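One chain comes next, on its own, written out as structure tokens in the form deposited in one PDB entry.
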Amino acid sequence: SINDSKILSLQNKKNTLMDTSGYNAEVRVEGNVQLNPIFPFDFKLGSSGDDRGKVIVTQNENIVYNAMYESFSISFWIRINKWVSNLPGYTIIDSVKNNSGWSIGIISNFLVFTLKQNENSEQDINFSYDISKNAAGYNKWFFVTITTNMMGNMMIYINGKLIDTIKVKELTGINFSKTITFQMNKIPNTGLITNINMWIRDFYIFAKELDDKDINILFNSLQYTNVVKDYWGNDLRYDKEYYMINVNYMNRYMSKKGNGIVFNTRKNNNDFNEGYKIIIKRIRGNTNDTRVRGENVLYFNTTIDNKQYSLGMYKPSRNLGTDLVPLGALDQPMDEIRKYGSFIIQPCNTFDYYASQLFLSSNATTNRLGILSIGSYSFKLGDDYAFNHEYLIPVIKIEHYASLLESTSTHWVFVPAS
């Protein structure tokens, strides 16, 4: 519908970056640019070195002319790896020719869109990620939508949510370039506190100011909502080591004491690589292509010493509560996993994270019996003898959980160990 205004559609088809909008803009790829052979077919760039990746898109002057000076929108999926809060300045997507045009860049924890009228004046809008929520860096995939009305407002959205909006000032003289260059270029004197990577996918430009309904419709149509995602936004897969973390306890890694799985405080935040890892194993599903999907039935394996256990319920040293059963690491055969350690997963994404929900499966079927949560309880594990100890553990609220159904403490994330 809004497709009518799509004037640039930068995509990877037949393994070649090209404008598929119909206006055959010219796409010249230079240096180290890696194209992904499988969805999302993203292309990877880097602040590499001499021959760093560089995608050049030269378009039609007439098209630009009859569009940019009124209203237009830019949308695309982007991922920057190791986007730390004290990151130095970088221009990533640029469309400025003679000190005029528009540019998109990053600095510290900001993604900023600048409308440059000349080398003396510009106006900009930006998004700044919550640092406290992304201490390990904002390294997830996210969708950007920048809508500009030269007679109205400049608005920026992140994953379909309006982030900021300012009234565009008089920038007469501003002259848009019919050229856009993708390349990570360091801006001198922006605090160089050290080599990052960036992936882009489906870079669009519309000759109209897209509104909410439109932005979000585009947003969704660009993804397979039934494919659960890992913490960074890539497709979640079976047979791969991941660090399983609960959304409410991001500073906790997985450990074990006896039959139970206990959660310990991680050392620091520059990483998520601490403690034991899990491997998701598929039991039932529609598609069989390695991607974890909506109603799939699965179990979790984990190698601890030189032995591998599976996650399942277990009787605690004492009852922890009504309809509450702990989840631990058990060396059990498959019949035992169907009864005590099988889960039906459901994707659960929010503006803040790519997470999932896990329901206790009944005999490895899609019949739910409870939800998976976390909490601290007092009982004994391993060689706990004389006293009872508080252990933050993965717990299942069995029959009645309509309330937890709404809690972030049932939101599970998976960071790839890689």
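Numbers for residues come from their place in the sequence shown, where the first is 1.
Unshown form solved in complex with a partner chain; subsequent notes refer to it.
Per the 4.5 Å heavy atom criterion, the partner chain in the deposited bound form is contacted by stretch 321-329, the sole one of 273-281, 321-329, 226-234, 107-115. Contact annotation for the candidate site: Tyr314, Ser317 and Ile398 all lie close to the partner chain in the deposited bound form (heavy atom within 4.5 Å). Though the partner is left out of this view, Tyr340 does reach within 4.5 Å of the partner chain in the deposited bound form, counting heavy atoms only. A residue is said to contact a partner when one of its heavy atoms sits within 4.5 Å of a partner heavy atom; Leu369 meets this definition for the partner chain in the deposited bound form. Though the partner is left out of this view, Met68 does not reach within 4.5 Å of the partner chain in the deposited bound form, counting heavy atoms only. Residue contact with the partner chain in the deposited bound form: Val27 places no heavy atom within 4.5 Å of it. The partner is absent here, but in the deposited bound form a heavy atom of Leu360, alone among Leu360, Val33, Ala355, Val57, sits within 4.5 Å of the partner chain.
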